[PDB]
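*Asks:* any chance you could fold what I've pasted below:
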Amino acid sequence: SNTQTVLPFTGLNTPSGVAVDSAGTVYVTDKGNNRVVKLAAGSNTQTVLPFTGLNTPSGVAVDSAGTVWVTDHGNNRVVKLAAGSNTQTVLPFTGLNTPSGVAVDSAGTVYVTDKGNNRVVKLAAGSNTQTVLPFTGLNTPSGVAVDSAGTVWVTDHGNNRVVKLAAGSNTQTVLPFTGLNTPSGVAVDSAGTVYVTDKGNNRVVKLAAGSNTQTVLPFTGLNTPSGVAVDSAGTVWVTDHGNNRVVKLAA
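*Replies:* Numbering: from 1, shown residues only. Sure, structure below:
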């Protein structure tokens with residue numbers, strides 16, 4: 001499509017991250033309001049998730065079981081809420097400093113960009129012991145995505161680049177994006193297309209697998225877009241942080 005749609009959220013304040021599950025429910029970190037909200041498909045009425053004690057939440061992810069993970073930026077922690085639960089759980093990460101983005105794969109492994117420590121950390125399901133991924137030269141990494149093959153993509157915000165690390169590799173690859181300005185969020189679909197919010201250029205760009213030429217998505221009137229999600233049908237959702245709204249674009 002060439003015509004975006006604004007989602008019927010209410011009362012957003014600097015929304016920072018977005019996730020979409022297979023049912024088409026959209027989850028948004030409402031950073032300025034210290035809350036996480038969700039909107040079911042075909043609903044006009046949002047619901048505030050029963051998280052407790054959030055401080056400027058920055059990223060959100062959702063798995064196939066409906067569990068929601070949130071980076072609680074200001075409290076240096078990652079919190080989890082099971083579907084239909086009113087008690088969050090704090091994940092056993094150690095030494096986080098302003099975590100910015102989170103992704104979860106089908107194995108339940110959780111990946112977090114530890115922005116203040118210039119690193120990306122991983123926690124396998126049922127582990128109390130995190131692992132630091134062998135990225136090199138990161139500068140305030142901001143968003144993370146993981147595909148079905150276990151490849152991890154990170155927006156290296158301070159270096160104006162997007163890097164990827166194949167499963168079990170010790171050598172990252174820099175993606176051939178051009179003209180990025182403080183990229184802030186990344187998503188990858190099943191076809192391996194990578195979508196990136198180019199925050200400083202008020203645009204969203206995508207790169208097809210094996211392509212050298214990015215395309216700019218036909219969004220209109222973006223203001224410092226901060227997070228991006230993509231569903232199985234190719235619909236792209238973006239948190240338009242500076243306009244206090246979430247916009248979507250059909251394939």
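
*Asks:* now name the helix or strand holding residue 108.
*Replies:* Secondary structure assigned from DSSP states H and E places residue 108 in neither a helix nor a strand.

*Asks:* so what's it up against?
*Replies:* Counting by C-beta atoms under 8 Å, 6 or more residues apart in numbering, residue 108 touches 63, 124-125. C-betas here are computed from N, CA, C, even on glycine.

*Asks:* select only the buried ones of the residues you listed in ChimeraX?
*Replies:* Of these, the buried ones go into a single ChimeraX selection, burial set by 16 or more other C-beta atoms under 10 Å:
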select :63
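
*Asks:* which ones among the contacts of residue 108 lie within helices?
*Replies:* Members of the contacts of residue 108 lying in helices (criterion: DSSP state H): none.

*Asks:* what would the contacts of residue 108 look like in TSV with distance to residue 114?
*Replies:* Below are these laid out as TSV (distance: C-beta to C-beta, whole Å):
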residue	distance to residue 114
63	21
124	17
125	19
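
*Asks:* out of the contacts of residue 108, who's nearest residue 106?
*Replies:* Set against residue 106, the nearest of the contacts of residue 108 by C-beta to C-beta is residue 63 (7.8 Å).

*Asks:* that closest one reaches residue 102, doesn't it?
*Replies:* No - the pair residue 63 and residue 102 fails to qualify as a contact (C-beta atoms under 8 Å) at a distance of 11.0 Å.

*Asks:* which residues do those two both contact?
*Replies:* residue 69.

*Asks:* quick check: closest non-adjacent residue to residue 222.
*Replies:* Spatial nearest neighbour of residue 222, chain neighbours left out: residue 202 (4.7 Å); criterion: C-beta to C-beta, 6 or more residues apart in numbering.

*Asks:* how about the contacts made by that neighbour?
*Replies:* Contacts of residue 202 by C-beta under 8 Å, 6+ apart are 222-225.

*Asks:* could you dump these to a markdown table with neighbour count, secondary structure and distance to residue 144?
*Replies:* Shown next, in a markdown table, are those (neighbours: other C-beta atoms under 10 Å; DSSP: H, G, I helix; E, B strand; the rest coil; distance: C-beta to C-beta, whole Å):
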| residue | neighbour count | secondary structure | distance to residue 144 |
| --- | --- | --- | --- |
| 222 | 24 | coil | 21 |
| 223 | 13 | coil | 23 |
| 224 | 17 | coil | 19 |
| 225 | 27 | coil | 17 |
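
*Asks:* related to what we said a few turns ago, list just the nearest of the contacts of residue 108 to residue 186.
*Replies:* residue 63 (17.9 Å).

*Asks:* neighbours around the residue lying closest to that closest one once chain neighbours are set aside, how many?
*Replies:* The spatial neighbour of residue 63 that comes closest, neighbours along the chain excluded (C-beta to C-beta, 6+ apart), is residue 104 at 4.9 Å. Counted with other C-beta atoms under 10 Å, residues neighbouring residue 104 total 22.

*Asks:* ok, residue 104 touching residue 123?
*Replies:* No - applying C-beta under 8 Å as the test, residue 104 and residue 123 come out as separate, 9.9 Å apart.

*Asks:* need the overlap of contacts for these two.
*Replies:* residue 110.

*Asks:* ok, what's across the strand from the residue nearest to residue 63?
*Replies:* Listed beta-bridge partners, residue 104: residue 110 (assigned using DSSP bridges).
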